[PDB]
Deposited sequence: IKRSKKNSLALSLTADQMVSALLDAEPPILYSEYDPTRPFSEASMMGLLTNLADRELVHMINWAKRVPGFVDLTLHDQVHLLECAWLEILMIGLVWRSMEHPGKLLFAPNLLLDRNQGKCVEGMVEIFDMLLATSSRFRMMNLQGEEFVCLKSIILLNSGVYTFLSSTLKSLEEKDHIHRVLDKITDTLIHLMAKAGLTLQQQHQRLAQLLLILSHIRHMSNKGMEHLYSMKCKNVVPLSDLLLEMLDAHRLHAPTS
């Protein structure tokens, strides 16, 4: 529908305007974190982020054109990849740290507070390092996030989704053309960016196994997180 019509510059504006807000952690606990308390904060935060993500997806040109069945499928497939690329983007300006929220900025060693989390932290930090090395721009980031949403479940059911993916590719190349990158540099950078999505898929699968491992059952997960987690079993 609407989405294929758009200008590259328009597509970027539609996607910048759709960006969900940055949410805050609960202030209490406001201490050195325990396993149970750290798990509590992250569960609460992820659950509120998920509600904003669902509403962001509806503002992604082309997504509302899909049937409810297909929107559900894409979101069940992509939700943790989307949380993770958001986390990685927010964490750009804090090398060696993860900005879960402005009042929840965690170092590698705080990763150890939960068992099996430091492995995923390290992968997330590595992705933040890579985005910085590439000088990832906000306009590219919003393109990558929409590609994850439309791409991650497309194989697991298509023509329309592939046409919108082609449009977001056009938009990324458009953006790199305007920064004055040569044709060679544009296709090189387009490749480097899309190869990161393979690493983000890997981190999502590791994080998903981590979330299944809880139930442990220290902290109950929200009804929404459990719904999304159970779409991956």
{"item": "Regions of the deposited sequence not represented in the model", "value": "1 to 7, 165 to 174, 233, 252 to 257"}
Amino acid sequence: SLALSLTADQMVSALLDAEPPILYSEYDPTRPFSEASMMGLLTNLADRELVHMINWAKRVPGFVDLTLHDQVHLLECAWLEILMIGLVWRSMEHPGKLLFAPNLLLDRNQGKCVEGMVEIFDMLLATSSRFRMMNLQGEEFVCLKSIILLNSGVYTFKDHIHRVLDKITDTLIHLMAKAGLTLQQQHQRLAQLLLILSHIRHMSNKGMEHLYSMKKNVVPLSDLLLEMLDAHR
From here on, numbers count along this sequence of modelled residues.
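Superpose the two forms; the largest set of C-alphas matching within 1.5 Å is the rigid core.
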query: Core-fitted comparison in 8 other deposited structures of this protein, 17 to 25 vs 206 to 214, farther C-alphas; finding: 206 to 214
query: Other entries omitting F100, at least a third; finding: no
query: Unmodelled in at least a third of other entries of this protein, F157; finding: yes
query: Mean temperature factor over C-alpha atoms, higher-scoring stretch between 52 to 60 and 23 to 31; finding: 23 to 31
query: Between the two ranges 68 to 76 and 111 to 119, the one averaging a larger CA B factor in the entry; finding: 111 to 119
query: Which of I200, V164, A179, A191 ranks first by CA B-factor in the deposited coordinates; finding: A179
query: Chain thirds of CA B-factor: placement of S152; finding: lowest
query: Within-chain third of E81 by Cα B-factor, per the entry; finding: lowest
query: Third of chain Cα B-factors occupied by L183; finding: highest
query: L87 by Cα B-factor - lowest, middle or highest third of the modelled chain; finding: lowest
query: Modelled-residue ranking by C-alpha temperature factor, third containing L225; finding: lowest
